[PDB]
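# Fold and geometry: a report
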Amino acid sequence: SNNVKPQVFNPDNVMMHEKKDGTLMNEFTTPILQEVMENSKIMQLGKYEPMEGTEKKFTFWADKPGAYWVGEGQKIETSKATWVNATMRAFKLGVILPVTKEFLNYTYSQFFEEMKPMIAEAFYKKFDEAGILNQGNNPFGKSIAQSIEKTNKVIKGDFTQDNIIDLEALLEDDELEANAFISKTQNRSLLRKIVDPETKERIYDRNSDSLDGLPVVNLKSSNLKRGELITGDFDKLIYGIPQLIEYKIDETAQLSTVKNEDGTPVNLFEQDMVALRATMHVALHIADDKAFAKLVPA
Amino acid sequence: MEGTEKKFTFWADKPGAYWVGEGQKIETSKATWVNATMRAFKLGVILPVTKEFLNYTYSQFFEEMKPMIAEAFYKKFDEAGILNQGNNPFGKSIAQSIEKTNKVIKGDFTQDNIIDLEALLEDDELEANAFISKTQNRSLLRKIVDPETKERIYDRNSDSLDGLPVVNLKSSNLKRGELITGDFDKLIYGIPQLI
Amino acid sequence: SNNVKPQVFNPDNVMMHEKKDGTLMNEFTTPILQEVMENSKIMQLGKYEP
Amino acid sequence: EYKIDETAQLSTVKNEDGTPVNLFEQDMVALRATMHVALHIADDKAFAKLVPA
Amino acid sequence: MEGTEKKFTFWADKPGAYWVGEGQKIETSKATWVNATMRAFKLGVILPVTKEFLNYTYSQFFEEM
């Protein structure tokens with residue numbers, strides 16, 4: 001066909017060297033990152049559990065044996081122990097990044113090696129918003145926010161030392177103690193302006209990000225609102241990783257998820273392109289639905 | 001800066017990710033960068049002197065005038081990049097940025113408003129680094145008291161507000177009622193030609 | 001699309017770890033054979049030619 | 001001969017949406033086996049059959 | 001050629017000169033330049049072969065081709 005104008009794609013997810021206006025992108029300056037790359041707050045707070053299938057079983061003692069006061073020559077009576085079972089499964093995260101091979105030679109040679117950190121960050125954020133907030137199409141049935149909803153373990157009201165202490169007290173009502181807080185950085189404003197009216201000490205350590213002596217963890221998510229704060233015994237949140245982040249770079253596949261201007265699927269061998277596929281298998285368990293509580297604006 | 005212009009490339013969008021069922025199609029995504037650019041403009045002044053003046057009135061006039069010209073340049077630059085004043089040549093300034101994003105508090109100087117002003121940057125995960133103030137603000141800043149602890153947020157001894165440096169502007173264009181907060185590492189400046 | 005149920009296929013010859021009811025086939029026991037599998041009767045009866 | 005492949009399309013299998021199966025997008029593997037085999041009947045009179053009425 | 005485009009800059013118009021009377025005003029002129037560019041394009045072909053052909057007819061086909 002001898003058509004030499006560059007290919008338009010739909011969606012425009014393909015990195016290209018030549019722009020449709022004819023601009024040809026030589027002497028490219030490598031973009032620089034205005035931020036530190038994020039990490040999974042679930043993997044920071046929760047307990048790791050080694051997992052080898054896609055599924056894991058847990059079994060715990062429940063009932064325990066009794067005892068009796070027995071007179072001399074009186075018959076000693078009997079007792080029993082019990083256990084209970086729980087289980088968690090994994091799900092898969094993945095993405096593909098397509099590149100034209102002119103781009104990977106004449107614009108950005110190292111593109112995939114510089115994308116790898118950003119793909120890992122995207123997976124970690126996608127996991128955190130699922131397991132903490134019940135957001136981003138949570139595949140599990142299990143999350144902190146949905147545990148709080150079933151137990152209704154919520155305080156309604158403004159940030160005060162009264163409410164923040166009554167929140168942490170809401171766990172020991174069930175014989176658990178808080179290990180950390182989860183909050184939104186937009187609200188350390190509110191933590192900074194509350195003080196003990198009697199000892200005249202401030203509950204939030206602005207210098208070290210501890211609230212009431214416990215560490216605060218900041219979510220970058222937009223789904224956790226200004227007025228909302230979460231507390232929990234995070235040893236009761238368990239995570240596992242059957243497959244680490246694995247990358248395959250492929251020079252020959254077809255991508256039916258992307259189309260050419262004529263409506264045809266993208267074929268990487270025939271159109272002279274490359275793609276990176278990343279996948280990960282990740283599993284979440286909430287070991288005790290009573291272990292988490294939430295403070296919410298009225 | 002080696003000429004009248006500088007250019008910057010930053011990552012704008014990171015790639016997405018998908019939950020993928022077994023045997024389901026993994027979908028695509030893209031990274032994306034953005035371009036920004038910075039250019040110089042010229043400050044200048046001429047000082048005319050008669051030869052009688054320079055001979056018989058004031059011999060060292062230019063040598064002692066040089067400092068006052070440098071101050072006039074610094075004041076013109078500050079009054080253009082902070083305030084949108086002095087007939088500013090650049091496209092944008094701090095006052096233009098505030099006016100476009102509308103990050104402004106209507107209110108008196110109180111510890112509540114000073115904390116809400118600093119919080120108005122945390123809305124965007126930016127942490128304030130300093131204040132820009134009018135020295136005739138001190139008669140307001142020093143009468144702020146924390147009603148529980150009765151601590152005062154403005155430190156006489158180090159011209160520091162809520163622990164952050166306060167920097168004072170000598171102009172008539174920053175009024176008596178007004179205070180400015182920023183992450184000032186987001187001011188970038190360059191000087192292709194010293195005076 | 002963030003769809004996590006397993007793909008249905010036609011004619012459905014794909015071997016899959018997850019069943020559509022959500023059963024995960026871990027702890028799987030390798031199938032054993034109820035027979036001895038057949039040789040070719042052509043190759044048993046006929047003559048081979050290089 | 002057995003060839004194992006991780007990136008082909010299979011047109012003879014279709015997704016629930018009707019699309020051909022792509023092994024790279026869908027994170028799959030396929031085994032292809034092939035064999036060449038030949039037959040000759042050297043004398044067609046050499047065979048006979050008994051059949052029910 | 002590094003990358004797939006190259007640029008060339010050439011002198012174009014050249015300054016004038018004037019005949020100047022004694023105490024007459026000398027006039028002005030300017031130099032000028034122009035740009036040219038050369039760009040690469042891609043040649044390609046695919047040669048498809050059945051593996052019957054590659055086994056039984058012509059093993060060295062993609063070497064001789």
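Residues numbered from 1 in each chain as written, not as in the entry; some residues may be left out. Chains lettered and ligands numbered in written order. Part of a larger assembly, values for the part shown. Heavy atoms only, no water.

The deposited coordinates derive from cryo-EM, with the record listing a resolution of 3.1 Å.

### Quick look at the layout of surface pockets
The volume enclosed by the second largest pocket comes to roughly 1500 Å³. Taken together, 35 residues make up the lining of the second largest pocket; nearest its centre are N3, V4, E102 and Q271 of chain A together with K42 of chain E. Take the lining of the second largest pocket: its biggest share by element is 3 residues, from helix α2 (residues 103–106) of chain A. Within the lining of the second largest pocket, the residues separate by chemical class into 14 nonpolar, 11 polar and 10 charged. (1 Å grid on protein atoms, 1.4 Å probe; cavity = no way out; pocket = protein on both sides within 12 Å on 5 of 7 lines; lining within 4 Å. Points joined across faces, edges and corners; volume = space filled by probe spheres on them. Helix = DSSP H or I, 4+ residues; strand = E, 2+ residues; numbered from the N terminus. Nonpolar A, V, L, I, M, F, W, Y, C, P; charged D, E, K, R; others polar.)

### As for the pairing of strand β7 (residues 164–168) of chain B
Residue and element names in this part refer to chain B. As judged from the 3 bridges shared by strand β4 (residues 130–133) and β7, these two strands associate in the parallel manner. Each bridged residue has a counterpart across the sheet, and for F131 the counterpart in β7 is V166. Here strand β6 (residues 160–161) runs beside β7; their pairing, made up of 2 bridges, is antiparallel. By the bridge assignment, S160 is partnered in β7 with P165. (Pairing = 2+ DSSP bridges.)

### Some remarks on the sheet that holds β4 of chain B
Strand pairing in a sheet is mediated by backbone hydrogen bonds. Such pairs are either parallel or antiparallel. Reading across from one edge, β5-β6-β7-β4-β8 (chain B) is the order of the 5 strands in this open sheet, with mixed pairing throughout. Edge positions in the sheet fall to β5 (154–155) and β8 (180–182) of chain B, since each has one partner strand and no second.

### Concerning the packing of aromatic side chains
Residue and element names in this part refer to chain A. Counted according to the given criterion, the structure contains 26 aromatic pairs over all chains. Residues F127 and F140 carry aromatic rings whose centres are separated by 6.5 Å and whose planes lie at 55 degrees to one another, so their mutual orientation is tilted. Linking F127 in helix α3 (residues 111–131) with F140 in the loop between α3 and α4 (144–151), this pair joins segments that are 13 residues apart in sequence. Here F140 falls in the buried class, since its relative accessible area comes to 6%. It is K116 that lies over the ring of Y247; its NZ or CZ is 5.1 Å from the centre. (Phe/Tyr/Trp six-rings, centres within 6.5 Å; stacked < 30°, edge-to-face > 60°. Buried < 20%, exposed > 50% of the residue type's maximum accessible area, 1.4 Å probe, protein only. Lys NZ or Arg CZ within 6 Å of the ring centre and 35° of its normal.)

### Focus: the sheet that holds strand β12 (residues 254–260) of chain A
All names here are of chain A. With antiparallel pairing, 3 strands are arranged side by side in an open sheet as β1-β12-β13. Only two strands of the sheet have a single partner each, and these edge strands are β1 (9–10) and β13 (265–267). Here 2 bridges tie β1 to β12, and the two strands are oriented antiparallel to one another. Each bridged residue has a counterpart across the sheet, and for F9 the counterpart in β12 is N260.

### What to know about the interface of chain B and chain A
At the junction of the two partners, chain B supplies 33 residues and chain A supplies 55 residues. Approximately 4000 Å² of surface area, both sides summed, lies buried where chain B meets chain A, with 58% of it carried by carbon and sulfur atoms. The salt bridge involving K14 of chain B is made with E35 of chain A; its shortest N-O contact spans 3.0 Å. Our enumeration of links across chain B and chain A arrives at 25 residue pairs in polar contact. When contributions to the side of chain B that touches chain A are tallied by element, the ones reaching two or more residues are β1 (5–13), β2 (18–20) and α4 (111–122) of chain B. The dominant element in the side of chain B that touches chain A, judged by the number of residues it contributes, is α4 of chain B, at 6 residues. A breakdown of the residues in the side of chain B that touches chain A according to their chemical character gives 12 nonpolar, 6 polar and 15 charged. (Contact = heavy atoms within 4.5 Å. Buried area = accessible area lost by both parts, 1.4 Å probe. Salt bridge = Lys/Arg side-chain N within 4 Å of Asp/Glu carboxyl O. Polar contact = N/O pair within 3.5 Å; in protein donor to acceptor, adjacent residues only side chain to side chain.)

### Overview of empty space enclosed by the protein
All names here are of chain A. Under the counting rule described, the total for this entry stands at 2 cavities of 30 Å³ or more. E38, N39, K41, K125, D128, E129, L133, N218, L219, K220 and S221 are the residues that line the largest cavity. Mapped by element, the contributors of at least two residues to the lining of the largest cavity are α3 and β9 (214–219). For the lining of the largest cavity, the leading source of residues is α3, giving 3 residues. Classifying every residue of the lining of the largest cavity gives 2 nonpolar, 3 polar and 6 charged. Put simply, the second largest cavity is a space of about 30 Å³. Taken together, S183, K184, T185, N187, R188, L191, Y204, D209, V216 and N218 form the lining of the second largest cavity.

### Things to note about the interface of chain A and chain D
Taken residue by residue, the interface counts 13 residues in chain A and 8 residues in chain D. Among the residues chain A hides against chain D, the three largest losses belong to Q254, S256 and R277 of chain A. Together they make up 48% of the total. The tally of links from chain A across to chain D stands at 2 salt bridges. Linking chain A to chain D there are 8 residue pairs in polar contact.

### Quick word on helix α5 (residues 161–172) of chain A
All names here are of chain A. A rise of 1.5 Å per residue sets the reference length of α5, with its 12 residues, at 16 Å; its end C-alpha atoms lie 17 Å apart and thus fit the reference within 8%. Looking at α5, one finds that the buried residues are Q161, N163, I164, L167 and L171. Close packing links the buried residues of α5 with β5 (154–156), β6 (180–184), α6 (188–192), β8 (210–211), β10 (229–232) and β15 (292–296). (Expected span 1.5 Å × (residues − 1).)

### Observations regarding the side chain of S171 of chain B
Residue and element names in this part refer to chain B. Looking at the element boundaries, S171 is found in the loop between β7 and β8. Within the structure, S171 has its side chain in polar contact with the backbone nitrogen of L174 (distance 3.2 Å). What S171 contacts, discounting residues up to four positions off in sequence, is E79, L83 and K134.

### Points about a nonpolar patch on the surface
There is a patch of nonpolar side chains on the surface, built from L43, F77, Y189, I191 and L194 of chain B and spanning about 560 Å² of accessible area. Position of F77 of chain B among the secondary structure elements: in helix α2 (residues 61–81). (Patch = residues over 30% accessible without salt bridge, like charges linked within 9 Å, V, L, I, M, F, W, Y side chains within 5 Å. Areas by Shrake-Rupley, 256 points an atom, 1.4 Å probe, with all protein chains shown as cover.)

### A look at the environment of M28 of chain D
With respect to the helices, strands and loops of the structure, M28 of chain D is situated in the loop between α1 (23–26) and β4 (30–33). On a C-alpha basis, the gap between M28 of chain D and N15 of chain D in space is 13 Å, while along the polypeptide they are 13 residues apart. Look past the residues within four positions of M28 of chain D in its chain and what remains in contact with it is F9 and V14 of chain C together with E6, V21 and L23 of chain D.

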